[PDB]
Every structure is written in C-alpha cells, then in structure tokens.
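Below: work_2.cif (mmCIF, N, CA and C atoms)
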```cif
data_run
loop_
_atom_site.group_PDB
_atom_site.id
_atom_site.type_symbol
_atom_site.label_atom_id
_atom_site.label_comp_id
_atom_site.auth_asym_id
_atom_site.auth_seq_id
_atom_site.Cartn_x
_atom_site.Cartn_y
_atom_site.Cartn_z
ATOM 1 N N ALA A 2 -44.763 22.241 -8.703
ATOM 2 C CA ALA A 2 -43.552 21.482 -9.035
ATOM 3 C C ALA A 2 -42.314 22.346 -8.852
ATOM 4 N N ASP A 3 -41.310 21.851 -8.134
ATOM 5 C CA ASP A 3 -40.040 22.541 -7.885
ATOM 6 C C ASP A 3 -38.966 21.532 -7.455
ATOM 7 N N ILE A 4 -37.696 21.930 -7.489
ATOM 8 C CA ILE A 4 -36.578 21.047 -7.152
ATOM 9 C C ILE A 4 -36.099 21.327 -5.719
ATOM 10 N N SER A 5 -36.183 20.330 -4.849
ATOM 11 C CA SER A 5 -35.703 20.357 -3.460
ATOM 12 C C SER A 5 -34.211 20.050 -3.343
ATOM 13 N N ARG A 6 -33.570 20.330 -2.201
ATOM 14 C CA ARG A 6 -32.156 19.928 -1.998
ATOM 15 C C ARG A 6 -32.040 18.388 -2.013
ATOM 16 N N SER A 7 -32.993 17.667 -1.406
ATOM 17 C CA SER A 7 -33.013 16.199 -1.466
ATOM 18 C C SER A 7 -33.200 15.652 -2.879
ATOM 19 N N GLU A 8 -33.908 16.365 -3.745
ATOM 20 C CA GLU A 8 -34.119 15.956 -5.129
ATOM 21 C C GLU A 8 -32.908 16.201 -6.019
ATOM 22 N N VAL A 9 -31.943 17.006 -5.585
ATOM 23 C CA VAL A 9 -30.647 17.182 -6.250
ATOM 24 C C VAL A 9 -29.641 16.092 -5.851
ATOM 25 N N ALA A 10 -29.884 15.355 -4.764
ATOM 26 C CA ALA A 10 -29.034 14.273 -4.267
ATOM 27 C C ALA A 10 -27.536 14.640 -4.271
ATOM 28 N N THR A 11 -26.676 13.728 -4.707
ATOM 29 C CA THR A 11 -25.214 13.828 -4.643
ATOM 30 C C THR A 11 -24.587 14.604 -5.796
ATOM 31 N N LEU A 12 -25.347 15.478 -6.456
ATOM 32 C CA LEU A 12 -24.774 16.590 -7.214
ATOM 33 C C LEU A 12 -24.189 17.681 -6.299
ATOM 34 N N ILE A 13 -24.672 17.817 -5.061
ATOM 35 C CA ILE A 13 -24.068 18.688 -4.038
ATOM 36 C C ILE A 13 -23.124 17.843 -3.187
ATOM 37 N N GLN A 14 -21.816 18.038 -3.337
ATOM 38 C CA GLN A 14 -20.810 17.328 -2.549
ATOM 39 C C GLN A 14 -20.597 17.973 -1.179
ATOM 40 N N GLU A 15 -20.529 17.149 -0.137
ATOM 41 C CA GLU A 15 -20.122 17.549 1.211
ATOM 42 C C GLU A 15 -18.604 17.755 1.279
ATOM 43 N N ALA A 16 -18.157 18.848 1.882
ATOM 44 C CA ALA A 16 -16.746 19.204 1.973
ATOM 45 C C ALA A 16 -16.071 18.677 3.250
ATOM 46 N N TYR A 17 -14.751 18.782 3.294
ATOM 47 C CA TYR A 17 -13.908 18.385 4.416
ATOM 48 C C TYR A 17 -12.928 19.497 4.759
ATOM 49 N N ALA A 18 -12.574 19.658 6.032
ATOM 50 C CA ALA A 18 -11.560 20.609 6.495
ATOM 51 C C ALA A 18 -10.825 20.082 7.730
ATOM 52 N N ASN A 19 -9.510 20.282 7.796
ATOM 53 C CA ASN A 19 -8.664 19.779 8.881
ATOM 54 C C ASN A 19 -8.388 20.813 9.987
ATOM 55 N N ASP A 20 -9.072 21.954 10.014
ATOM 56 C CA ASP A 20 -8.850 23.026 10.995
ATOM 57 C C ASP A 20 -8.825 22.554 12.455
ATOM 58 N N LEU A 21 -9.827 21.781 12.863
ATOM 59 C CA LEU A 21 -9.957 21.262 14.223
ATOM 60 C C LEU A 21 -9.094 20.030 14.527
ATOM 61 N N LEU A 22 -8.403 19.446 13.546
ATOM 62 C CA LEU A 22 -7.725 18.154 13.693
ATOM 63 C C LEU A 22 -6.463 18.238 14.554
ATOM 64 N N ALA A 23 -5.598 19.204 14.255
ATOM 65 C CA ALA A 23 -4.316 19.358 14.919
ATOM 66 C C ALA A 23 -4.474 19.633 16.414
ATOM 67 N N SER A 24 -3.660 18.965 17.222
ATOM 68 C CA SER A 24 -3.512 19.221 18.655
ATOM 69 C C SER A 24 -2.036 19.190 19.037
ATOM 70 N N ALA A 25 -1.584 20.149 19.842
ATOM 71 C CA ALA A 25 -0.189 20.238 20.252
ATOM 72 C C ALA A 25 0.196 19.066 21.159
ATOM 73 N N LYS A 26 1.315 18.404 20.868
ATOM 74 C CA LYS A 26 1.831 17.285 21.660
ATOM 75 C C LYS A 26 2.699 17.773 22.816
ATOM 76 N N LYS A 27 2.573 17.105 23.955
ATOM 77 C CA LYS A 27 3.202 17.461 25.228
ATOM 78 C C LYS A 27 4.325 16.481 25.575
ATOM 79 N N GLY A 28 5.475 17.016 25.978
ATOM 80 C CA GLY A 28 6.655 16.245 26.354
ATOM 81 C C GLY A 28 6.640 15.852 27.827
ATOM 82 N N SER A 29 7.506 14.929 28.228
ATOM 83 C CA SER A 29 7.686 14.600 29.641
ATOM 84 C C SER A 29 8.062 15.837 30.461
ATOM 85 N N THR A 30 7.415 15.977 31.610
ATOM 86 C CA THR A 30 7.746 16.969 32.626
ATOM 87 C C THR A 30 9.127 16.720 33.191
ATOM 88 N N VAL A 31 9.454 15.465 33.484
ATOM 89 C CA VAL A 31 10.694 15.135 34.176
ATOM 90 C C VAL A 31 11.931 15.370 33.322
ATOM 91 N N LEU A 32 11.830 15.259 31.997
ATOM 92 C CA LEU A 32 12.904 15.624 31.079
ATOM 93 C C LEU A 32 13.124 17.136 30.982
ATOM 94 N N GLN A 33 12.104 17.948 31.256
ATOM 95 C CA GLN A 33 12.253 19.398 31.370
ATOM 96 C C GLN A 33 12.845 19.779 32.725
ATOM 97 N N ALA A 34 12.314 19.208 33.803
ATOM 98 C CA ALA A 34 12.615 19.615 35.165
ATOM 99 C C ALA A 34 13.998 19.206 35.684
ATOM 100 N N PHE A 35 14.494 18.018 35.359
ATOM 101 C CA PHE A 35 15.691 17.447 35.991
ATOM 102 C C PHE A 35 16.878 17.308 35.036
ATOM 103 N N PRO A 36 18.125 17.389 35.528
ATOM 104 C CA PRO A 36 19.313 17.124 34.729
ATOM 105 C C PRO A 36 19.333 15.674 34.239
ATOM 106 N N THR A 37 19.556 15.488 32.945
ATOM 107 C CA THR A 37 19.595 14.167 32.312
ATOM 108 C C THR A 37 21.031 13.671 32.158
ATOM 109 N N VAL A 38 21.234 12.361 32.006
ATOM 110 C CA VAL A 38 22.539 11.792 31.623
ATOM 111 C C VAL A 38 22.391 10.839 30.455
ATOM 112 N N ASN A 39 23.295 10.936 29.491
ATOM 113 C CA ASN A 39 23.355 10.032 28.353
ATOM 114 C C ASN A 39 24.038 8.735 28.772
ATOM 115 N N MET A 40 23.274 7.656 28.848
ATOM 116 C CA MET A 40 23.772 6.343 29.220
ATOM 117 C C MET A 40 24.284 5.603 27.986
ATOM 118 N N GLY A 41 25.399 4.885 28.114
ATOM 119 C CA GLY A 41 25.979 4.058 27.045
ATOM 120 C C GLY A 41 25.751 2.558 27.190
ATOM 121 N N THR A 42 25.133 2.141 28.285
ATOM 122 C CA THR A 42 24.963 0.761 28.743
ATOM 123 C C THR A 42 23.729 0.705 29.642
ATOM 124 N N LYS A 43 23.220 -0.475 29.984
ATOM 125 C CA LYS A 43 22.005 -0.618 30.791
ATOM 126 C C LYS A 43 22.133 -0.002 32.179
ATOM 127 N N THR A 44 23.280 -0.118 32.834
ATOM 128 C CA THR A 44 23.402 0.186 34.265
ATOM 129 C C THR A 44 24.548 1.136 34.537
ATOM 130 N N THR A 45 24.310 2.144 35.368
ATOM 131 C CA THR A 45 25.340 3.070 35.856
ATOM 132 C C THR A 45 25.266 3.137 37.371
ATOM 133 N N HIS A 46 26.408 3.109 38.044
ATOM 134 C CA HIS A 46 26.576 3.208 39.489
ATOM 135 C C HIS A 46 26.934 4.634 39.871
ATOM 136 N N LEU A 47 26.277 5.169 40.886
ATOM 137 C CA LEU A 47 26.481 6.508 41.412
ATOM 138 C C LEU A 47 26.657 6.382 42.926
ATOM 139 N N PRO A 48 27.879 6.462 43.471
ATOM 140 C CA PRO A 48 28.074 6.400 44.903
ATOM 141 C C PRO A 48 27.552 7.665 45.591
ATOM 142 N N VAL A 49 26.968 7.512 46.771
ATOM 143 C CA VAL A 49 26.549 8.602 47.661
ATOM 144 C C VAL A 49 27.091 8.354 49.059
ATOM 145 N N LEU A 50 27.403 9.407 49.804
ATOM 146 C CA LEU A 50 27.687 9.290 51.229
ATOM 147 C C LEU A 50 26.436 8.813 51.965
ATOM 148 N N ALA A 51 26.563 7.838 52.854
ATOM 149 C CA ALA A 51 25.446 7.178 53.522
ATOM 150 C C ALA A 51 25.491 7.223 55.055
ATOM 151 N N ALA B 2 34.601 -49.308 -32.813
ATOM 152 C CA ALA B 2 33.696 -49.301 -33.971
ATOM 153 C C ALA B 2 33.136 -47.911 -34.233
ATOM 154 N N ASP B 3 32.275 -47.378 -33.365
ATOM 155 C CA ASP B 3 31.462 -46.187 -33.637
ATOM 156 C C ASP B 3 31.145 -45.406 -32.352
ATOM 157 N N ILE B 4 31.090 -44.078 -32.429
ATOM 158 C CA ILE B 4 30.645 -43.189 -31.348
ATOM 159 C C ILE B 4 29.169 -42.846 -31.571
ATOM 160 N N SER B 5 28.284 -43.350 -30.723
ATOM 161 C CA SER B 5 26.859 -43.008 -30.709
ATOM 162 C C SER B 5 26.565 -41.743 -29.894
ATOM 163 N N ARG B 6 25.335 -41.223 -29.953
ATOM 164 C CA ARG B 6 24.917 -40.004 -29.236
ATOM 165 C C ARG B 6 25.023 -40.133 -27.724
ATOM 166 N N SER B 7 24.636 -41.277 -27.160
ATOM 167 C CA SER B 7 24.738 -41.533 -25.720
ATOM 168 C C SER B 7 26.192 -41.598 -25.243
ATOM 169 N N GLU B 8 27.116 -42.116 -26.052
ATOM 170 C CA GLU B 8 28.549 -42.173 -25.742
ATOM 171 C C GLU B 8 29.235 -40.801 -25.727
ATOM 172 N N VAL B 9 28.630 -39.774 -26.313
ATOM 173 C CA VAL B 9 29.094 -38.376 -26.268
ATOM 174 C C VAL B 9 28.643 -37.657 -24.986
ATOM 175 N N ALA B 10 27.669 -38.212 -24.258
ATOM 176 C CA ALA B 10 27.220 -37.747 -22.947
ATOM 177 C C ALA B 10 26.865 -36.249 -22.934
ATOM 178 N N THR B 11 27.124 -35.538 -21.842
ATOM 179 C CA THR B 11 26.739 -34.129 -21.681
ATOM 180 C C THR B 11 27.595 -33.136 -22.478
ATOM 181 N N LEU B 12 28.357 -33.567 -23.490
ATOM 182 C CA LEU B 12 28.842 -32.669 -24.545
ATOM 183 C C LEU B 12 27.707 -32.106 -25.407
ATOM 184 N N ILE B 13 26.612 -32.871 -25.524
ATOM 185 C CA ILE B 13 25.432 -32.421 -26.257
ATOM 186 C C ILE B 13 24.534 -32.120 -25.089
ATOM 187 N N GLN B 14 23.919 -30.942 -25.059
ATOM 188 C CA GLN B 14 23.107 -30.526 -23.918
ATOM 189 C C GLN B 14 21.751 -30.107 -24.402
ATOM 190 N N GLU B 15 20.740 -30.147 -23.526
ATOM 191 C CA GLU B 15 19.374 -29.826 -23.933
ATOM 192 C C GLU B 15 19.181 -28.330 -23.950
ATOM 193 N N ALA B 16 18.166 -27.831 -24.672
ATOM 194 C CA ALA B 16 17.853 -26.398 -24.708
ATOM 195 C C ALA B 16 16.581 -26.162 -23.923
ATOM 196 N N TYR B 17 16.248 -24.896 -23.653
ATOM 197 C CA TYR B 17 15.021 -24.539 -22.933
ATOM 198 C C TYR B 17 14.373 -23.398 -23.697
ATOM 199 N N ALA B 18 13.042 -23.320 -23.680
ATOM 200 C CA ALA B 18 12.315 -22.268 -24.392
ATOM 201 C C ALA B 18 10.938 -22.148 -23.756
ATOM 202 N N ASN B 19 10.429 -20.921 -23.552
ATOM 203 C CA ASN B 19 9.154 -20.723 -22.863
ATOM 204 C C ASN B 19 8.046 -20.312 -23.851
ATOM 205 N N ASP B 20 8.140 -20.690 -25.132
ATOM 206 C CA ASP B 20 7.135 -20.282 -26.118
ATOM 207 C C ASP B 20 5.700 -20.704 -25.781
ATOM 208 N N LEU B 21 5.508 -21.856 -25.142
ATOM 209 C CA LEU B 21 4.182 -22.321 -24.733
ATOM 210 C C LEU B 21 3.589 -21.578 -23.531
ATOM 211 N N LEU B 22 4.455 -20.886 -22.772
ATOM 212 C CA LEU B 22 4.025 -20.073 -21.625
ATOM 213 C C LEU B 22 4.015 -18.614 -22.020
ATOM 214 N N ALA B 23 4.661 -18.268 -23.135
ATOM 215 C CA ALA B 23 4.764 -16.881 -23.570
ATOM 216 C C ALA B 23 3.484 -16.540 -24.296
ATOM 217 N N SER B 24 2.408 -16.347 -23.537
ATOM 218 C CA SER B 24 1.111 -16.024 -24.103
ATOM 219 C C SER B 24 0.527 -15.000 -23.161
ATOM 220 N N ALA B 25 -0.261 -14.075 -23.692
ATOM 221 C CA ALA B 25 -0.850 -13.040 -22.864
ATOM 222 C C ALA B 25 -1.882 -13.673 -21.935
ATOM 223 N N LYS B 26 -1.867 -13.332 -20.640
ATOM 224 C CA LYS B 26 -2.906 -13.840 -19.741
ATOM 225 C C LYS B 26 -4.293 -13.230 -20.003
ATOM 226 N N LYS B 27 -5.359 -13.938 -19.620
ATOM 227 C CA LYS B 27 -6.732 -13.475 -19.859
ATOM 228 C C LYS B 27 -7.086 -12.344 -18.889
ATOM 229 N N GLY B 28 -7.447 -11.184 -19.419
ATOM 230 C CA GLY B 28 -7.939 -10.041 -18.651
ATOM 231 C C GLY B 28 -9.360 -10.227 -18.122
ATOM 232 N N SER B 29 -9.821 -9.304 -17.281
ATOM 233 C CA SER B 29 -11.231 -9.235 -16.896
ATOM 234 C C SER B 29 -12.108 -8.823 -18.083
ATOM 235 N N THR B 30 -13.205 -9.544 -18.265
ATOM 236 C CA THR B 30 -14.236 -9.279 -19.258
ATOM 237 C C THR B 30 -14.893 -7.936 -19.001
ATOM 238 N N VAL B 31 -15.205 -7.595 -17.749
ATOM 239 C CA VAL B 31 -15.923 -6.357 -17.438
ATOM 240 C C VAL B 31 -15.031 -5.121 -17.551
ATOM 241 N N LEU B 32 -13.721 -5.248 -17.328
ATOM 242 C CA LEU B 32 -12.762 -4.170 -17.597
ATOM 243 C C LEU B 32 -12.508 -3.952 -19.092
ATOM 244 N N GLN B 33 -12.704 -4.965 -19.933
ATOM 245 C CA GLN B 33 -12.766 -4.765 -21.379
ATOM 246 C C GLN B 33 -14.093 -4.111 -21.780
ATOM 247 N N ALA B 34 -15.224 -4.620 -21.290
ATOM 248 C CA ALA B 34 -16.542 -4.219 -21.759
ATOM 249 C C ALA B 34 -17.007 -2.821 -21.334
ATOM 250 N N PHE B 35 -16.721 -2.378 -20.111
ATOM 251 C CA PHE B 35 -17.363 -1.203 -19.521
ATOM 252 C C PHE B 35 -16.359 -0.098 -19.196
ATOM 253 N N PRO B 36 -16.753 1.183 -19.269
ATOM 254 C CA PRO B 36 -15.907 2.296 -18.865
ATOM 255 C C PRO B 36 -15.596 2.268 -17.364
ATOM 256 N N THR B 37 -14.528 2.939 -16.943
ATOM 257 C CA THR B 37 -14.027 2.884 -15.559
ATOM 258 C C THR B 37 -13.886 4.251 -14.893
ATOM 259 N N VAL B 38 -13.956 4.270 -13.563
ATOM 260 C CA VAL B 38 -13.757 5.448 -12.711
ATOM 261 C C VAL B 38 -12.497 5.252 -11.872
ATOM 262 N N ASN B 39 -11.531 6.160 -11.961
ATOM 263 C CA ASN B 39 -10.346 6.144 -11.104
ATOM 264 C C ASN B 39 -10.682 6.709 -9.723
ATOM 265 N N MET B 40 -11.037 5.838 -8.787
ATOM 266 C CA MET B 40 -11.332 6.199 -7.398
ATOM 267 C C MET B 40 -10.051 6.513 -6.617
ATOM 268 N N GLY B 41 -10.098 7.490 -5.711
ATOM 269 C CA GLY B 41 -8.992 7.840 -4.809
ATOM 270 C C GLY B 41 -9.164 7.380 -3.360
ATOM 271 N N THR B 42 -10.372 7.006 -2.947
ATOM 272 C CA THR B 42 -10.728 6.611 -1.575
ATOM 273 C C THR B 42 -11.820 5.546 -1.593
ATOM 274 N N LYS B 43 -12.075 4.879 -0.463
ATOM 275 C CA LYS B 43 -13.062 3.795 -0.288
ATOM 276 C C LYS B 43 -14.405 3.977 -0.999
ATOM 277 N N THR B 44 -14.984 5.170 -1.018
ATOM 278 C CA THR B 44 -16.335 5.397 -1.558
ATOM 279 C C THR B 44 -16.382 6.570 -2.523
ATOM 280 N N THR B 45 -17.184 6.455 -3.573
ATOM 281 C CA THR B 45 -17.537 7.540 -4.493
ATOM 282 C C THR B 45 -19.043 7.561 -4.695
ATOM 283 N N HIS B 46 -19.650 8.746 -4.648
ATOM 284 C CA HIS B 46 -21.063 8.968 -4.928
ATOM 285 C C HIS B 46 -21.251 9.381 -6.382
ATOM 286 N N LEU B 47 -22.206 8.756 -7.054
ATOM 287 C CA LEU B 47 -22.576 9.032 -8.432
ATOM 288 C C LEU B 47 -24.065 9.386 -8.476
ATOM 289 N N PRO B 48 -24.435 10.636 -8.765
ATOM 290 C CA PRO B 48 -25.819 10.971 -9.036
ATOM 291 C C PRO B 48 -26.288 10.305 -10.330
ATOM 292 N N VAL B 49 -27.512 9.795 -10.330
ATOM 293 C CA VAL B 49 -28.228 9.312 -11.512
ATOM 294 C C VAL B 49 -29.554 10.031 -11.632
ATOM 295 N N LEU B 50 -30.023 10.228 -12.851
ATOM 296 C CA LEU B 50 -31.326 10.814 -13.105
ATOM 297 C C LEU B 50 -32.441 9.966 -12.497
ATOM 298 N N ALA B 51 -33.445 10.621 -11.936
ATOM 299 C CA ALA B 51 -34.573 9.985 -11.278
ATOM 300 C C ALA B 51 -35.938 10.558 -11.699
#
```

Translate the structure of the given file into structure tokens.
Amino acid sequence: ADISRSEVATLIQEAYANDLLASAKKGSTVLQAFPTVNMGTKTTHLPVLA
Amino acid sequence: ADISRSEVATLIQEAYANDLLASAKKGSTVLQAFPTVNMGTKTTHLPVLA
C-alpha cells in the first residue's frame, strides 16, 4: 500500500507561465522606406512633367 | 348652493406610494442553504476524499 501521484488527484495544481506568449509586432515596410505626407482630405493632386 | 369635491377639480390631487412593492425580493434557496466558493475563472478543481 502506497500513495501514487494519480491517487493525490487535484491536490497538486498545474501551473501557468506567459514566457513564450509575447511576440514582437512588425510595422509596415513602406512607412519605414518612403517619405510620408499627412493628408487632411480624401484626395490630393500632385502635378508631374509628362 | 354648495361646492362639492368634483367642483374643486385638480386643486385636490391624488398621492402615490410604493409600500406594496417595497418588499425584499426572494433570494436563491441554495445560496441561503449552502456555503460558496468565489471563483475567478471558468473552472475550479476541488479534491475530495476517496
């Protein structure tokens, strides 16, 4: 006669840890690479020589 | 001749009182009868003797 881990049941609580949870978020490439403009309205016109 | 109650009209006004509704509502029988566990998440494990 002896006491097994299964015979102790839920007197032994399983633990939790968030170590693996976090992942670094990545931004748009095009917002890093190119000059941006702050728009005040839906549409902006930019003339070019053609 | 005489001024009756109806001839005085809305100078006499009715009153309101909630004494018939001012009664404690009926609680749960099992929350009165049995002890309780303050759970923090969907599931709790309780060991029992076997």

Exercise. By how many Å are CA of residue 3 in chain B and atom N of residue 17 in chain B apart?
Worked result: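 Interatomic distance here is 28.0 Å.
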
Would you list the contacts of residue 11 in chain A as a ChimeraX atom specification, taking every protein, DNA or RNA residue within 6.5 Å and counting only N, CA and C atoms, but skipping same-chain residues closer than 5 positions in sequence?
/B:46-48

Mobile chain A fitted to chain B over all in-order Cα pairs, reported as a CSV table (one decimal) with N, CA and C atoms, keeping the file's coordinate frame:
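This went into superposed_16.csv:
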```csv
chain,number,residue,atom,x,y,z
A,2,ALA,N,33.4,-53.1,-32.8
A,2,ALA,CA,33.6,-51.9,-31.9
A,2,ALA,C,33.2,-50.6,-32.6
A,3,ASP,N,32.4,-49.8,-31.9
A,3,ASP,CA,32.0,-48.5,-32.4
A,3,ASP,C,31.4,-47.6,-31.3
A,4,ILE,N,31.3,-46.3,-31.5
A,4,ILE,CA,30.9,-45.4,-30.5
A,4,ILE,C,29.4,-45.0,-30.7
A,5,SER,N,28.5,-45.4,-29.7
A,5,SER,CA,27.1,-45.1,-29.6
A,5,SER,C,26.8,-43.7,-29.1
A,6,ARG,N,25.6,-43.1,-29.3
A,6,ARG,CA,25.2,-41.8,-28.7
A,6,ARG,C,25.3,-41.9,-27.2
A,7,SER,N,24.8,-43.0,-26.6
A,7,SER,CA,24.9,-43.2,-25.1
A,7,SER,C,26.4,-43.3,-24.6
A,8,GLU,N,27.3,-43.8,-25.4
A,8,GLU,CA,28.7,-43.9,-25.1
A,8,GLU,C,29.4,-42.5,-25.2
A,9,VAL,N,28.9,-41.5,-25.8
A,9,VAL,CA,29.4,-40.2,-25.8
A,9,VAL,C,28.9,-39.4,-24.6
A,10,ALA,N,27.8,-39.8,-23.9
A,10,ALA,CA,27.3,-39.2,-22.7
A,10,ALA,C,27.1,-37.7,-22.9
A,11,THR,N,27.4,-36.9,-21.9
A,11,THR,CA,27.2,-35.5,-21.8
A,11,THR,C,28.2,-34.6,-22.5
A,12,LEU,N,29.0,-35.1,-23.4
A,12,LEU,CA,29.6,-34.3,-24.5
A,12,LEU,C,28.6,-33.7,-25.5
A,13,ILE,N,27.4,-34.4,-25.6
A,13,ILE,CA,26.3,-33.8,-26.4
A,13,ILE,C,25.4,-33.1,-25.4
A,14,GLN,N,25.4,-31.7,-25.5
A,14,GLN,CA,24.5,-30.9,-24.6
A,14,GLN,C,23.1,-30.8,-25.2
A,15,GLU,N,22.1,-31.0,-24.4
A,15,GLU,CA,20.7,-30.7,-24.7
A,15,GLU,C,20.4,-29.2,-24.7
A,16,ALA,N,19.7,-28.7,-25.7
A,16,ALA,CA,19.4,-27.2,-25.9
A,16,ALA,C,18.1,-26.8,-25.2
A,17,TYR,N,17.9,-25.5,-25.2
A,17,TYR,CA,16.7,-24.9,-24.6
A,17,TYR,C,16.2,-23.8,-25.6
A,18,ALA,N,14.9,-23.6,-25.7
A,18,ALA,CA,14.3,-22.5,-26.5
A,18,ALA,C,13.0,-22.0,-25.9
A,19,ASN,N,12.8,-20.7,-25.9
A,19,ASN,CA,11.6,-20.1,-25.3
A,19,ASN,C,10.4,-19.8,-26.2
A,20,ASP,N,10.5,-20.3,-27.5
A,20,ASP,CA,9.4,-20.1,-28.5
A,20,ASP,C,8.0,-20.3,-28.0
A,21,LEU,N,7.7,-21.5,-27.4
A,21,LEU,CA,6.4,-21.8,-26.8
A,21,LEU,C,6.0,-21.2,-25.5
A,22,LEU,N,6.9,-20.5,-24.8
A,22,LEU,CA,6.8,-20.0,-23.5
A,22,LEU,C,5.7,-18.8,-23.4
A,23,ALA,N,5.9,-17.8,-24.2
A,23,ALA,CA,5.1,-16.6,-24.2
A,23,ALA,C,3.6,-16.9,-24.5
A,24,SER,N,2.7,-16.3,-23.7
A,24,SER,CA,1.3,-16.3,-23.9
A,24,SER,C,0.7,-14.9,-23.7
A,25,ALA,N,-0.2,-14.4,-24.5
A,25,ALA,CA,-0.7,-13.1,-24.4
A,25,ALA,C,-1.6,-13.0,-23.2
A,26,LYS,N,-1.5,-11.9,-22.4
A,26,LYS,CA,-2.3,-11.7,-21.2
A,26,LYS,C,-3.6,-10.9,-21.6
A,27,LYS,N,-4.7,-11.3,-20.9
A,27,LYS,CA,-6.0,-10.8,-21.2
A,27,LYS,C,-6.5,-9.8,-20.0
A,28,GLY,N,-7.0,-8.7,-20.4
A,28,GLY,CA,-7.5,-7.7,-19.5
A,28,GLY,C,-9.0,-7.9,-19.1
A,29,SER,N,-9.4,-7.2,-18.0
A,29,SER,CA,-10.8,-7.3,-17.7
A,29,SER,C,-11.7,-6.8,-18.8
A,30,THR,N,-12.8,-7.6,-19.1
A,30,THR,CA,-13.9,-7.3,-20.0
A,30,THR,C,-14.6,-6.0,-19.5
A,31,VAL,N,-14.9,-5.9,-18.2
A,31,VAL,CA,-15.7,-4.8,-17.7
A,31,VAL,C,-15.0,-3.5,-17.8
A,32,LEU,N,-13.7,-3.4,-17.7
A,32,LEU,CA,-12.9,-2.2,-18.0
A,32,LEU,C,-12.9,-1.8,-19.4
A,33,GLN,N,-13.1,-2.7,-20.4
A,33,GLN,CA,-13.3,-2.4,-21.8
A,33,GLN,C,-14.7,-1.9,-22.1
A,34,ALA,N,-15.7,-2.6,-21.6
A,34,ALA,CA,-17.1,-2.4,-21.9
A,34,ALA,C,-17.7,-1.2,-21.3
A,35,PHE,N,-17.4,-0.8,-20.1
A,35,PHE,CA,-18.2,0.2,-19.3
A,35,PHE,C,-17.4,1.5,-19.1
A,36,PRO,N,-18.0,2.6,-19.0
A,36,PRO,CA,-17.4,3.9,-18.5
A,36,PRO,C,-16.9,3.8,-17.1
A,37,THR,N,-15.6,4.1,-16.9
A,37,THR,CA,-14.9,4.1,-15.6
A,37,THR,C,-14.9,5.4,-14.9
A,38,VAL,N,-14.8,5.5,-13.6
A,38,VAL,CA,-14.5,6.7,-12.9
A,38,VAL,C,-13.3,6.6,-12.0
A,39,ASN,N,-12.5,7.6,-11.9
A,39,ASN,CA,-11.3,7.7,-11.1
A,39,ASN,C,-11.8,8.1,-9.7
A,40,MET,N,-11.8,7.2,-8.7
A,40,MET,CA,-12.1,7.5,-7.3
A,40,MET,C,-11.0,8.1,-6.5
A,41,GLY,N,-11.2,9.1,-5.7
A,41,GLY,CA,-10.2,9.7,-4.8
A,41,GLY,C,-10.3,9.2,-3.3
A,42,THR,N,-11.3,8.4,-3.0
A,42,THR,CA,-11.7,8.0,-1.6
A,42,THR,C,-12.4,6.7,-1.7
A,43,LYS,N,-12.6,6.0,-0.6
A,43,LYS,CA,-13.3,4.7,-0.7
A,43,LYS,C,-14.7,4.7,-1.2
A,44,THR,N,-15.5,5.7,-1.0
A,44,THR,CA,-16.9,5.7,-1.2
A,44,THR,C,-17.4,6.9,-2.0
A,45,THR,N,-18.2,6.7,-3.0
A,45,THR,CA,-18.8,7.8,-3.8
A,45,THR,C,-20.3,7.5,-3.9
A,46,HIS,N,-21.1,8.6,-3.7
A,46,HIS,CA,-22.6,8.6,-3.7
A,46,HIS,C,-23.0,9.1,-5.1
A,47,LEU,N,-24.0,8.4,-5.7
A,47,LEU,CA,-24.6,8.7,-7.0
A,47,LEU,C,-26.1,8.6,-6.8
A,48,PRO,N,-26.8,9.8,-6.7
A,48,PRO,CA,-28.2,9.8,-6.6
A,48,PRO,C,-28.9,9.4,-7.9
A,49,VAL,N,-30.0,8.6,-7.8
A,49,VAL,CA,-30.8,8.2,-9.0
A,49,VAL,C,-32.3,8.6,-8.6
A,50,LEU,N,-33.1,8.9,-9.6
A,50,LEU,CA,-34.5,9.0,-9.5
A,50,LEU,C,-35.1,7.6,-9.1
A,51,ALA,N,-36.0,7.5,-8.1
A,51,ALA,CA,-36.5,6.2,-7.6
A,51,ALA,C,-38.0,6.1,-7.7
```

| said: At a cut-off of 9 Å, which residues of chain A touch chain B? Count only C-alpha atoms and give the answer as a list in words. | reply: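 Contact residues on the first chain: residues 8, 9, 10, 11, 12 and 14 of chain A.
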
Computed gap from atom C of residue 19 in chain B to CA of residue 7 in chain B is 27.1 Å

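Between CA of residue 42 in chain B and CA of residue 22 in chain A the interatomic distance comes to 19.4 Å.
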
Filtered DSSP result for chain B, state helix (DSSP H, G or I), as a VMD selection string
chain B and resid 7 to 12 30 to 34

Using only N, CA and C atoms, please write the residues we just selected to a file, as a compact mmCIF listing (two decimals), keeping the file's coordinate frame.
```txt
# COMPACT_ATOMS: atom_id res chain seq x y z
N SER B 7 24.64 -41.28 -27.16
CA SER B 7 24.74 -41.53 -25.72
C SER B 7 26.19 -41.60 -25.24
N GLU B 8 27.12 -42.12 -26.05
CA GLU B 8 28.55 -42.17 -25.74
C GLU B 8 29.24 -40.80 -25.73
N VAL B 9 28.63 -39.77 -26.31
CA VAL B 9 29.09 -38.38 -26.27
C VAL B 9 28.64 -37.66 -24.99
N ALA B 10 27.67 -38.21 -24.26
CA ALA B 10 27.22 -37.75 -22.95
C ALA B 10 26.86 -36.25 -22.93
N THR B 11 27.12 -35.54 -21.84
CA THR B 11 26.74 -34.13 -21.68
C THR B 11 27.60 -33.14 -22.48
N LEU B 12 28.36 -33.57 -23.49
CA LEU B 12 28.84 -32.67 -24.54
C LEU B 12 27.71 -32.11 -25.41
N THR B 30 -13.20 -9.54 -18.26
CA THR B 30 -14.24 -9.28 -19.26
C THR B 30 -14.89 -7.94 -19.00
N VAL B 31 -15.20 -7.60 -17.75
CA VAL B 31 -15.92 -6.36 -17.44
C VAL B 31 -15.03 -5.12 -17.55
N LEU B 32 -13.72 -5.25 -17.33
CA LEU B 32 -12.76 -4.17 -17.60
C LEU B 32 -12.51 -3.95 -19.09
N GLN B 33 -12.70 -4.96 -19.93
CA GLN B 33 -12.77 -4.76 -21.38
C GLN B 33 -14.09 -4.11 -21.78
N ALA B 34 -15.22 -4.62 -21.29
CA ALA B 34 -16.54 -4.22 -21.76
C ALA B 34 -17.01 -2.82 -21.33
```
